[PDB]
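Structural characterization, general
Residue strings, one per chain:
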Amino acid sequence: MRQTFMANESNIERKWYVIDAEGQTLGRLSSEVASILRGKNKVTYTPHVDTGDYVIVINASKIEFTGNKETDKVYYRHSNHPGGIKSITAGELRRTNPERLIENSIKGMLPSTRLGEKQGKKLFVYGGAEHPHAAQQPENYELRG
Amino acid sequence: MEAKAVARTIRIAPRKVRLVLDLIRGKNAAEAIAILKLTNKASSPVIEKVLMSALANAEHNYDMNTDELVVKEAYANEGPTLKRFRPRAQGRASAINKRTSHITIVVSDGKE
Amino acid sequence: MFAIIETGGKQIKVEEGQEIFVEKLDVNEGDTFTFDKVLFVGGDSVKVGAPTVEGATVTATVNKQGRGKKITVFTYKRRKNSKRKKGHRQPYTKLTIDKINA
Amino acid sequence: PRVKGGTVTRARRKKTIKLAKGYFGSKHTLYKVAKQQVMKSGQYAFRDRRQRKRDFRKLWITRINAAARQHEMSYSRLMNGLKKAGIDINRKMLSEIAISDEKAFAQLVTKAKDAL
Amino acid sequence: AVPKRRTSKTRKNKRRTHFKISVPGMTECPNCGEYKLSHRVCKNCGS
Amino acid sequence: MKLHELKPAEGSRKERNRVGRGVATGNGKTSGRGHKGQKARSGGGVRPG
RNA sequence: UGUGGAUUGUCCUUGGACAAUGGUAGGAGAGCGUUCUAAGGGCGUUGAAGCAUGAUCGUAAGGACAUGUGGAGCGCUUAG
RNA sequence: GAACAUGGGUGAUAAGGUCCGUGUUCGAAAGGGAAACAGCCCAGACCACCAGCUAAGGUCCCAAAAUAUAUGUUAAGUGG
RNA sequence: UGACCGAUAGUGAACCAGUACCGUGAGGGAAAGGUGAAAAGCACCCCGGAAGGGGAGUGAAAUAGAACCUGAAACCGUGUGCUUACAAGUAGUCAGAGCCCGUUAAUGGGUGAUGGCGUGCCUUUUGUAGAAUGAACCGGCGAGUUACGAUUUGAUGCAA
């Protein structure tokens, strides 16, 4: 119609970031990661192409939460079976498989489209062990707004 | 150069004669007749007769080769159908259709 | 190099040698219209002005001055018996820039 | 005089089947369904002919808000100070400058930073 | 016990994807210029 | 005048109004007769009085 | 609100206006096309009517023009 | 004819109950907010645009705009 | 003779009509026109038991060969350009890469990786996406008319 730059393939470049959740409050460190994954921090962001970069966590066993949500806030799950309600994990599931805890939290703030599912596959969370992606030269983001 | 041969009006359903036409499409005439002389279908000797007649059309009109021949196209169009009747129960009667086919086959040489 | 002129009721961005489409101007084919309302001028000398920059855009030769593509506007009611069909052809003027003043 | 219809009912039915070209299924063959699909297409185009001036407007804002956080500033604040310095610029132009000559945008921020 | 809706030309052609016949063995006769059936014999196919 | 250019008096002849011939005319379907009742029946209506 | 255009009813007495323009049952106004007749002027085996295709024209109903198929009739202007 | 807000009767200071009275909207009204929701809040579509300012409601992510400023109140997830 | 019909029209019947057919009987009652100017209606050769083809020949035309003027949709097939096996869908519409095209020449055409928005149509209702009614699809036919009166409006002629 007029003049409006539209980002496409073979014209955009993605990078690699590394955030640390040592003294974060999950939710606050999840909303700031979703924006980077969606690429809403660039001046050439289009809502029809995959724009943004990848994020990597290295401390998913240090995440904390204020209030009595560590004993409450239970997680439910069904298996499409008569009485398949699964709520074995509650708020103290940060000791057993804590990578899923952050994974779900950051995956619960993204669009449920065909492009919103492939944008959630650019995040790698680790309990406490170091990441094996040393050939990607990831930049240390750490500091959050 | 290519040769063709049409049957025109055959007492056989077109959907039943289209199942033996998807086995001799894009093959050699020598292997085509061999595959038609092995299938135990009701429309196997009929198609063979047409295919054998189309091979003789390019042997007297064009006088070309026979070993170096390949079937180009092979289809079957629908024709006029006859309407019959079958008495059912309680006085009511149903209907029966007797469709026909227009089998056609063209032979080429792998060049126009 | 690049300026930000504003004609009709919006703002455009010339590149000193690029064809642009605006609203029906009060000129003729093969004439010479000059825009005396610049809001920004940068590229070689970033010069931003509040009301203007005291530098009317260089006269741009006018070209094709015909009508645009025809569009059909249709609208109807659900269970009611009402509908409407019309046709539109918004006019426009074609011109190309060649110079620029500041 | 008996006026039998003909060459007028099919001439108007062949103009509605040509408009429904590219539809999936029997929506480009039958005329009874083609008319319904063509009657809805016109009601959609007119309804999204005013929604196209809302999407683009929201797009520019998102682009200008991302190119204003790099200079430790906020869209709301940047705009507020850009109107206090008496500057008339469109949101589509501001975003167009940010994507291109970054230097120009940088200077603009300073002008709207000392105008607060 | 009766179809609620009619099938289309795409859903009807999708069901006829496996409805076909397989090719025969065609055990070429050793030397007779004919064709014998797999593990069988013919008046033309010597072998 | 001529037999190939004759014209009648201005506003002397008009076209008859045909009911039930579309929805654009504004007199189709119901043809300005209401919805139901005894005044919408073919040859219906009470005696004049 | 800004910029260009369509219709009205006004107004002034030639285009700037002034205002106005959701819509069911209903009331009022202006039009498009189909078959036949009359008058005038036309087209046609150097290919009519019909049929198929196209990225064309009018504010809508609609109207032209090429190209293929077809093999004997059919448009246009004013009125009924 | 219907709901909403008020003024009464009737029933059990029961009903998305029923009958009158005064308004508005729906009926015959698209657009924005109330997650989805003819009747509730804001506002009445002649047509073009990849221009601007506002109303109800809103500004961490889904999803446009403050992880704004100053002051108190709240330890229940009260908010919901 | 006709501002009457032209093969679903006009007689029920343009041809094998009160005929096929239906009923114990009184009785009821269809469908079906068109090769060419002239049969010159395909002599002959090739494949097949034949039917039917492929050459040749007759003709202005054989995609005019008795399924015989023109041959529209529904429906059935073969070839081919772009696209499709992690995906929730009144199937469109607005924006938009890539890969092919080239017109009634114009801010052209075909296909569509992704994104936003969106519960068919008619009737009857206070209110219908409605689990209220109707239609399998396509074509042809199918509903405010005429005669004589009454009253009102426009137009024209003459005017106590």
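Residues numbered from 1 in each chain as written, not as in the entry; some residues may be left out. Chains lettered and ligands numbered in written order. Part of a larger assembly, values for the part shown. Heavy atoms only, no water. Residues with missing side-chain atoms left out of burial classes, pairs and counts.

What the deposited record gives as its method is cryo-EM, and the resolution it gives is 3.11 Å.

What follows covers the overall build of chain A. Helix and strand content of chain A: two helices and four strands. The secondary structure elements of chain A, listed N-terminal to C-terminal, are β-α-β-α-β-β. Along the longest, intermediate and shortest principal axes, the C-alpha atoms of chain A span 55 × 40 × 30 Å. The long-range share in chain A, meaning contacts at least 24 apart out of those at least 6 apart in sequence, stands at 69%. (Helix = DSSP H or I, 4+ residues; strand = E, 2+ residues; numbered from the N terminus. Contact = heavy atoms within 4.5 Å.)

Let us look at the protein's contact with RNA strand H. Lining the immediate surroundings of RNA strand H are 36 residues, of which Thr4 and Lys40 of chain A together with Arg69, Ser74 and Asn90 of chain D lie closest. Among the atoms of RNA strand H lying within 4 Å of the protein, the sugar-phosphate backbone contributes 76%. One nitrogen or oxygen atom from the side chain of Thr4 of chain A is found 2.6 Å from a base oxygen belonging to RNA strand H. In the model, a phosphate oxygen of RNA strand H is placed 3.2 Å from a nitrogen or oxygen of the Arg57 of chain D side chain. The dominant element in the surface near RNA strand H, judged by the number of residues it contributes, is helix α3 (residues 52-66) of chain D, at ten residues. (Near = heavy atom within 4 Å. Polar contact = N/O pair within 3.5 Å; in protein donor to acceptor, adjacent residues only side chain to side chain.)

Here we take up the protein's contact with RNA strand I. Surrounding RNA strand I, one finds 67 residues, the nearest of these being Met1 of chain A, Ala7 of chain B, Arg78 of chain C together with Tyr44 and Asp48 of chain D. Here, RNA strand I places atoms within 4 Å of the protein, and 84% of those atoms are sugar or phosphate. Contact distances for RNA strand I include 3.1 Å between a phosphate oxygen and a backbone N or O atom of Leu115 of chain A. In this structure, a phosphate oxygen belonging to RNA strand I sits 3.0 Å away from a side-chain N or O atom of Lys12 of chain E. At the level of elements, β1 (3-6) and α2 (45-57) of chain B together with α2 (31-47) of chain D are the ones that each hand at least two residues to the surface near RNA strand I. It is α2 of chain D that contributes the most residues to the surface near RNA strand I, nine residues altogether. Along the lines of polarity and charge, the residues of the surface near RNA strand I split into 21 nonpolar, 17 polar and 29 charged. (Nonpolar A, V, L, I, M, F, W, Y, C, P; charged D, E, K, R; others polar.)

With that settled, the discussion passes to the sheet that holds strand β9 (residues 93-96) of chain C. All names here are of chain C. The strand order across the open sheet formed by four strands is β2-β9-β6-β3, and the pairing between neighbours is antiparallel. Both outer strands of the open sheet, β2 (19-22) and β3 (32-33), are each paired with one neighbouring strand and no more. Both β2 and β9 contribute to a ladder of four bridges, which runs antiparallel. Bridging from a neighbouring strand, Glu19 pairs with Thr96 of β9. (Pairing = 2+ DSSP bridges.)

Here we take up the packing of aromatic side chains. All names here are of chain C. Applying the stated rule across the entire model yields eight aromatic pairs over all chains. Ring geometry for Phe2 versus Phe40: centroids 6.1 Å apart, planes at 25°, classification stacked. Here the residue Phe2 occupies a position in the segment before β1 (3-5), and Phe40 occupies one in strand β4 (residues 38-41), the gap between them amounting to 38 residues. In this pair, the class of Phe2 matches that of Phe40, namely buried. Each ring, one from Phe21 and one from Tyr92, has its centre 5.5 Å from the other, and the planes form 40°; the classification is tilted. (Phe/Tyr/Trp six-rings, centres within 6.5 Å; stacked < 30°, edge-to-face > 60°. Buried < 20%, exposed > 50% of the residue type's maximum accessible area, 1.4 Å probe, protein only.)

Right, let's get into the interface of chain D and chain C. Quite often, the size of an interface is put as the accessible area lost when its parts meet. Facing 22 residues of chain D, the contacting portion of chain C comprises 18 residues. For the side of chain D that touches chain C, the elements supplying multiple residues, two or more each, are α2, α5 (91-99) and α6 (102-113) of chain D. Of the residues in the side of chain D that touches chain C, the class split is nine nonpolar, six polar and seven charged.

It is worth spelling out the packing of α3 of chain D against α5 of chain D at this point. Residue and element names in this part refer to chain D. α5 packs onto α3 with a crossing angle of 40° between their chain directions and a minimal axis gap of 9 Å. In terms of axis orientation, α3 runs oblique to α5. Between α3 and α5 lies a crossing whose hand is left-handed. Contacts between α3 and α5 involve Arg57, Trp60, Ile61, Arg63 and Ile64 from the first element and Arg91, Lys92, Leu94, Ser95, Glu96 and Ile99 from the second. When its residues are assigned to classes, the contact of α3 with α5 shows five nonpolar, one polar and five charged. (Axes fitted to C-alpha atoms, helices over the stretch in contact; angles between N-to-C directions. Parallel < 35°, antiparallel > 145°, perpendicular 65-115°, else oblique. Left-handed = near helix turned anticlockwise from the far one by under 90°.)

Our next topic: the side chain of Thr93 of chain C. Residue and element names in this part refer to chain C. Mapping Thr93 onto the fold places it in strand β9. Judged by relative accessible area, which is 0%, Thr93 ranks as buried. There is a polar contact of 3.4 Å between the side chain of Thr93 and the backbone oxygen of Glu23. In this structure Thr93 touches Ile20, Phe21, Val22, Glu23, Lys24, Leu25, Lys64 and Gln65, once residues within four positions along its chain are discounted.

Here we take up the sheet that holds strand β3 (residues 123-124) of chain A. Residue and element names in this part refer to chain A. The strand order across the open sheet built from four strands is β3-β2-β1-β4, with neighbouring strands paired in parallel fashion. Whereas interior strands pair on both sides, the edge strands pair on one side only; in this sheet they are β3 and β4 (139-140). In this structure, strand β2 (residues 54-57) lies alongside β3, joined through two bridges in parallel fashion. Across the sheet, residue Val55 finds its bridge partner in β3, namely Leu123. Most of the contacts of helix α1 (residues 27-38) go to strand β1 (residues 16-19), to which it runs at about 175°, and overall it touches β1, β2 and β3.

On to the packing of helix α1 (residues 29-36) of chain B against α2 of chain B, then. A pair of packed helices is characterised by two quantities: the angle between their axes and the separation of those axes. Residue and element names in this part refer to chain B. Where α1 meets α2, the axes come as close as 10 Å, and the angle between the chain directions of the two elements is 160°. As the angle between them shows, α1 and α2 are arranged roughly antiparallel. Along this stretch, α1 crosses α2, giving a crossing that reads as left-handed. Contacts from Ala29, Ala32, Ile33 and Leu36 in α1 reach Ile47, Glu48, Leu51 and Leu55 in α2. Tallied by class, the residues present in the contact of α1 with α2 amount to seven nonpolar, no polar and one charged.

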